[PDB]
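Down below is the structure, laid out as structure tokens.
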Amino acid sequence: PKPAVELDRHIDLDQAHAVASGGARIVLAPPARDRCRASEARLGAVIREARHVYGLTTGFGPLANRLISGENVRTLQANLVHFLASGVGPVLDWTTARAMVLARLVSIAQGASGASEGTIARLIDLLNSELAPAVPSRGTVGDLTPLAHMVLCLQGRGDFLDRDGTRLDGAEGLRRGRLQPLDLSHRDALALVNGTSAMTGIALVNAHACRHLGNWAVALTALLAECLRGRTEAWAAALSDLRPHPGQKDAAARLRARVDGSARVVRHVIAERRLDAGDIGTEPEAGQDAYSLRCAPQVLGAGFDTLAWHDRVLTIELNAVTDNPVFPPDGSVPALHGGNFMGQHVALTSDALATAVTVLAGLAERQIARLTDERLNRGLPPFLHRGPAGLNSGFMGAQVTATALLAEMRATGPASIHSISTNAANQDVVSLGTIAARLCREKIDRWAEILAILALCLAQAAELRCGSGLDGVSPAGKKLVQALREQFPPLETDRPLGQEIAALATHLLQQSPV
Amino acid sequence: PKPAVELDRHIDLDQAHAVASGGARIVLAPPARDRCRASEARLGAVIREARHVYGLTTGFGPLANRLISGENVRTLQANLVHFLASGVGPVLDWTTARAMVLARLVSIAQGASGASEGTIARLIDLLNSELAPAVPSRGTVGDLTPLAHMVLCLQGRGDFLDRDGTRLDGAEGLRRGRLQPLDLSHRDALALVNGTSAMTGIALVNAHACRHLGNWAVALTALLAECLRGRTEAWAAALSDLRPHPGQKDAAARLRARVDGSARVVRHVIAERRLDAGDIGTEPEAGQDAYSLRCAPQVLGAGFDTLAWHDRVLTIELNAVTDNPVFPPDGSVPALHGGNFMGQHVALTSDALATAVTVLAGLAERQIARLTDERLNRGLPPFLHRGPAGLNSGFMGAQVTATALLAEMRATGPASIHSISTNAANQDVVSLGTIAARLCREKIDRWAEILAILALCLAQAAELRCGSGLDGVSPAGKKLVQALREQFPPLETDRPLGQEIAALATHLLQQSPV
Amino acid sequence: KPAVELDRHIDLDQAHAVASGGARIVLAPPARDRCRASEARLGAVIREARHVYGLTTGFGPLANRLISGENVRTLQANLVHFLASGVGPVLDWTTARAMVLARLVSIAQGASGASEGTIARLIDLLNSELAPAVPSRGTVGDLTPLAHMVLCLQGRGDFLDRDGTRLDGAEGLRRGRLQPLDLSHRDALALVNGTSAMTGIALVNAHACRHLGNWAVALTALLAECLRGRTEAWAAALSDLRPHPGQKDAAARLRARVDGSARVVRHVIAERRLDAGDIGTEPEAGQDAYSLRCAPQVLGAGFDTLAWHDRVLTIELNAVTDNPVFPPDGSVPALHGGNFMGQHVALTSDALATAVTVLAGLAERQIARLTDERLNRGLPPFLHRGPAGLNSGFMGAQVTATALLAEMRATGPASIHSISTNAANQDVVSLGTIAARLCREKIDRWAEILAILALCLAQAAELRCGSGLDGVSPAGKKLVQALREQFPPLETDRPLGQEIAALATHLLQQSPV
Ligand SMILES: O=C(O)/C=C/c1ccc(O)cc1
Ligand SMILES: O=C(O)/C=C/c1ccc(O)cc1
């Protein structure tokens, strides 16, 4: 059948991605259902009592000094969704748009948003269907705009996307997915248009993708060592202990496991060798590898620690209530007004992860540059070509493409530093977290393409070095190459590699080598 | 009666775009045809005499040290197109891809490429058709990769694009366009896979778009003055003469022309007024406007001067021969080997223009921020809303979206500074001109979206200030607003503006307010 | 003077105390014992002629050239020589000393083989009032600056006194009562190794950020007292709903700063029940602009970034980033790897730099609002005193704060610029030192922006509450009174440049307490 995630208070990143990707169905646990019913009742009381609350009795933003009569709240909230729907640009992909819906749902599930049962049910239905709302990616300063567009979609006044990205009009979407048109009669519109749902959704997808790419980065570094007689002593646990960064210790341990059983790497500790007068001279190779191999634990490790921080922060954000206003469950006050919608946390972690991804992509790019260079690849053919040299150039084009992809990644920096006072100076500081998460996503995609090129190069190098039978190659190394060869043929003669690179990249983002 | 551009030696940017956009057919002038026939013969002689020439008797890149025998040249060049086809990412748009084809053709028309009549005919046929080759946008470090993909398409081994961007397979493209499959039997493949065609094509399209956006920037700045009682003395010709930057002089003159006949702007020179004792005190407003109006000539002027430099360099590049190797028409030597393919010129001008575009986009964004701010717009409704305030928020959403678009533009910097040694260190320095051109393009697209928002705001602001009859508004101002109103209704009540912003943006990129 | 006893672990505060000269340093007996054990191990490795980088080999790609024992002294002397190609302004006194300390902490773990004399030279330097004069540029991340350090310690390079005044090598040894470094034990690699430079810069960055962060909170609080800020946005209940540690902390500290204030608005707006007659346009909105309302969220994100930066730095500072390294357990004679790759400090420094730029932006917008007559709710334009027009008050300083911020924004992360070098042997580099230095510059700019905000607030508090600061919180009063001891009110326009600079210097070293 299909796994089910029961949402109560906390959901981890893997469960979140399982629901967003449609791998798991979602159910609201009874305790959460009750907390929400209780919050729904508080919203009703707040409205009946005519309490001064943003979005219920006031205009929006700087126009909040304009109070609104109870009789016009339906109109007020309907116009809110209208004026905020100014988004432009390509729509968020299927999984990401759904991840945004999930983020809003989790926040509501805490029971401080006043969302009605019907409203919550509409979100749950969307997540359990095979559809996703079609929402423009640009417009928010960090996430009312994309969420307003989502509202329109859920009402059948906006497009939906199937798993392939093909768009369906509103009516067809509600029909196909058996979704009921969203009804905001309870005046709970602010429960849907609020918080950091978009950036959080984009970021959770980024987190999942990086985990997989990180695994490939490790696996490919290990296979590279098997193709270039890499020295395993640089990956010793003893070194990790002397500089105990968790990410590094982990990267080194994972690299050691990848080459376990290999007869292609050099496992001797050079310091065990005692030299005598006859040894003093110039040896063919230095006693240690170039950094792209020797410093892999340190480079990958730093990236892993950045991702770990990103995920710790994101886990808190995903399970938080980023709504404004909010209705305290304890009933201490009718409502609280603040700025929990300021997505500075996801903005800063996304920018940091973006830098880490660019750094790791650089490592992979240099690994390709070393492996394909006849002067540095220790005996392998130039650009790993087969057939007569000259007539054939092998991966010579693909190698430059990897560099071009990396150079492009470097052209874009952090989004967070570009805050600009807007909304008549009322939003004098903005997070730009949604843009930050999206820019990181792009780099992640480029990284997957660079890794794909490295994987194809390594599959070829492994066969050139060890023969088609991959003699001496580790069990893990053999399985990886064999799996790649199931869909990607050896490069016996020059052929277009663009489509294959794109196809493999898509795979790397969703599955790890195991 | 579809216009025709006769190509001999030189072609300007407007003619180039006319052909690339399909607004004009292209024909090769008699002298050009002859220069090419003569060059074709020179290539035959070079092959006949077995001259040591790159791509004719050698491998590619660092592999050029491997000499190739005449009987294997067909295969050599066939593999060249193959190994180079490692491009990925969204394909270049219809117009840009065709601009690339045109750029290669103009280079060849100088008669130093050795292209055969058939090869030239294939390019001409493509340009005179309604199709464009479907080529991936990423892969080059600056443009063999995208050009190799072009070759495949032209042979019927790659997709094509119709004016709407809908993809056709190789066969369908040749059929629907009534094209002959490209035949490289004359060993003239390097006449197609060479130079800076892609970045040049992308840049010439950027050039055309910037001219139109620049006209809108001037037009909207002028209309803004009519909506805020702007002072025209800051735009006086006398100021331009005191600081003679061509772009500034032009910007000021164009601004004055836009408000000619306006009764909504203040034309009185403040220094003409003589003050008495009873004047000393605090006046309602200062004698000078904020910079977004007062400094428009200087800000727009600097941008225009940047575009002028960009266009001068681009014009030389488009009409030059960026091939390697080349066959001297004067017959001095069989061939010359160098690096005219190094796209550093387009790389630097594209980066400079990208900065200028971001700066000008900032001006527009600040003009929107001021116009929608009730504390700064001198009496206009907050966010130019209609209907009850608070219940309606007008362009409050669109204003923030404009800020978000600008913030995203700023996150991406120059592409040129990221050169990385590649191709086994043979290409130890690369231009990244194609990337630079593409990054500039994206910024141009964001600028158009920001200008569109400003345009919609100004149409509303004009009517709110001067009534639906636009009383006192200049003839140019009236025409622009009336033209907009033909497709974009007034905002009498809040409504989603995303789709309208996108639609208007597409228009601003291809047409100026006239 | 307090003393920090170094055994195995030292925290960031103890580290800065030693680097800043506020505390002496002593190597604990257990550390001295472990180091002596390591010194003995290096001796054996040499006697046994084990194949070890720097002891029997050339450097970098030249390590394939094996070296005979009789030439090792020359080998390591030339190492220090060819690495001394550094250029640029020297690291400041505190930072250069922090670098020396970082190398020492690594050595104290007992896996570097450093001799007692070598260790003594590092301790002597730290206990003196001097710092080695080392150029800040040259390393891709930290052999170059450390090589310069070695030359200084041998009396072949300048020293800096606390004031930054330079002394030649001979004068430095004499004045500081330092003995010339002797590397006869062939333990040069114990000094020219690891990530000491970037770590030292980063720990100084960490200390400065803690203080500026305290000011950012104190000034946000005082801003609330000058603009009738609403405290409900800083409620702990909101923190609990979105439990980021940094945010909860920021909010709590903000509430504490305004405790006792009668100038802030404490009413919870939702308590108010509206009547038909109230419907219309009120003078002010029920919530403050983001520079006040979202302060816990913005400051909080910055504080969580700093916390991550500090966690990673603490591990780095207390680790052994040496290569090669000599295992205390004796499992193998020596290990060869890349613990000198400064990617951790590179990534955290870049991340912190971004956070600093974000927080400086907040401070800058707070100034922009406070000085705007249209937004400061009744305060004079640009907080001037005397006749308006004739006086412009802080109109210049406000633009200056904007200029400082704009400059900060022009520089991005350093880590993404790795370039294959050293004949492709170092095909990937961290650039961690550059990263930490770029972060330091942003920190210096942030201090100047905060200094401007502080001077504006002192004036604004007096204009709003009178010289007696009526209704101002005890903490707010104490902060202004402290500032006023050295910075007079602005009763008439005057040059503020030097005062801004002087105050910024103070903000980096002390918090409002
Ligand atoms: O809470 C606020 O003060 C700001 C609200 C806001 C709502 C819609 C926008 O488009 C911009 C700001
Ligand atoms: O002109 C050169 O030396 C380099 C040529 C080259 C051709 C195809 C590539 O993929 C990389 C470099």
Side-chain angles (χ1 to χ4, degrees), chain A residues 54-55 58-65 79-87 139-145 147-148 190 193-194 323-325 337-342 372 382-383 393-404 422-428 430 494 497, chain B residues 54-55 58-65 79-87 139-145 147-148 190 193-194 323-325 337-342 372 383 393-404 422-428 430 494 497, chain C residues 233 285-294:
Chain A
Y54 181 81
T58 82
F60 301 102
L63 299 183
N65 65 315
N79 292 340
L80 169 66
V81 172
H82 281 164
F83 83 78
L84 288 174
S86 57
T140 182
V141 288
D143 298 316
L144 300 189
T145 297
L147 286 173
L190 287 191
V193 180
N194 221 316
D323 299 48
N324 186 69
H337 289 75
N340 273 338
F341 50 65
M342 181 61 76
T372 57
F383 305 104
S393 297
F395 292 93
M396 188 165 91
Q399 192 268 315
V400 170
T401 289
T403 303
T422 188
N423 191 216
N426 173 62
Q427 301 188 102
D428 46 359
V430 293
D494 295 356
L497 294 167
Chain B
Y54 183 79
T58 78
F60 303 101
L63 302 182
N65 65 315
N79 297 338
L80 167 66
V81 176
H82 280 165
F83 86 71
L84 281 175
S86 57
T140 184
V141 292
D143 301 314
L144 300 191
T145 294
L147 285 170
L190 283 70
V193 186
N194 226 316
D323 303 45
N324 190 63
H337 290 78
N340 277 342
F341 50 63
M342 182 59 71
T372 54
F383 306 105
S393 300
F395 294 89
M396 189 169 85
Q399 191 270 316
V400 174
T401 287
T403 302
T422 191
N423 190 215
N426 176 59
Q427 299 188 305
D428 43 2
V430 294
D494 299 354
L497 294 170
Chain C
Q287 313 184 95
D288 292 325
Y290 291 10
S291 52
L292 274 175
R293 174 152 53 110
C294 298

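Read the numbers this way: they start at 1 and go in the same order the structure lists the ligands and their atoms. So you know, we letter chains A, B, ... as the sequences are listed, proteins then strands, and number each from 1.
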Ligand 1 contacted by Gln399(B) (non-hydrogen, < 4.0 Å): no
Mind checking whether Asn324(A) has an N or O less than 3.5 Å away from an N or O of ligand 1? no
Under 3.5 Å between any N/O of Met396(A) and any N/O of ligand 2: does that happen in this structure? yes
Any idea which atoms of ligand 2 are less than 4.0 Å away from a heavy-atom of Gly397(A)? 10 (O)
Provide the number and element of each atom of ligand 2 under 4.0 Å from a heavy atom of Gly61(B). 2 (C), 3 (O), 4 (C), 5 (C)
Does a side-chain heavy-atom distance below 4.5 Å link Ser393(B) with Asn79(A)? no
Atom 4 (C) of ligand 1: which protein heavy atom is closest, and how many Å away? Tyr290(C) OH, 3.1 Å
N/O of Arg293(C) under 3.5 Å from N/O of ligand 1, yes or no? yes
Heavy-atom distance under 4.5 Å between the side chains of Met396(A) and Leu84(B), does that happen here? no
Short list, please: which atoms of ligand 1 are under 4.0 Å from a heavy atom of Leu84(A)? 8 (C), 10 (O)
Among all protein heavy atoms in this structure, tell me which lies nearest to atom 5 (C) of ligand 1, with the distance rounded to 0.1 Å. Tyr54(A) OH, 3.3 Å
I want to know whether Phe383(B) and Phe83(A) have ring centres closer than 6.0 Å. no
Sidechain-backbone polar pair: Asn194(B) side chain, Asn324(B) backbone, donor-acceptor under 3.5 Å: yes
Closest approach of any protein heavy atom to atom 11 (C) of ligand 1, naming residue and atom: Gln427(A) NE2, 3.3 Å
Given side chains that start at C-beta, do those of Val430(B) and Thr422(B) come closer than 4.5 Å, heavy atoms only? yes
For the side chain of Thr401(A) and the backbone of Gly87(B), is there at least one donor-acceptor N/O pair under 3.5 Å apart? no
Check: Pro325(A) and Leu190(A) side chains under 4.5 Å, non-hydrogen atoms: yes
Can you tell me if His337(B) uses its side chain to pair, donor with acceptor, with the backbone of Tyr54(B) under 3.5 Å? yes
Just which atoms of ligand 1 are under 4.0 Å from any heavy atom in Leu144(A)? 7 (C), 8 (C)
Any sub-3.5 Å donor-acceptor pair from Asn340(B)'s side-chain atoms to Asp323(B)'s backbone N or O? no
Number the atoms of ligand 1 from 1 as they appear, then name those within less than 4.0 Å of a heavy atom of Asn426(A), with their elements. 2 (C), 3 (O), 4 (C)
Just going by heavy-atom distances, which of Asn423(B), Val400(A), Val141(B) is nearest to atom 12 (C) of ligand 2? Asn423(B)
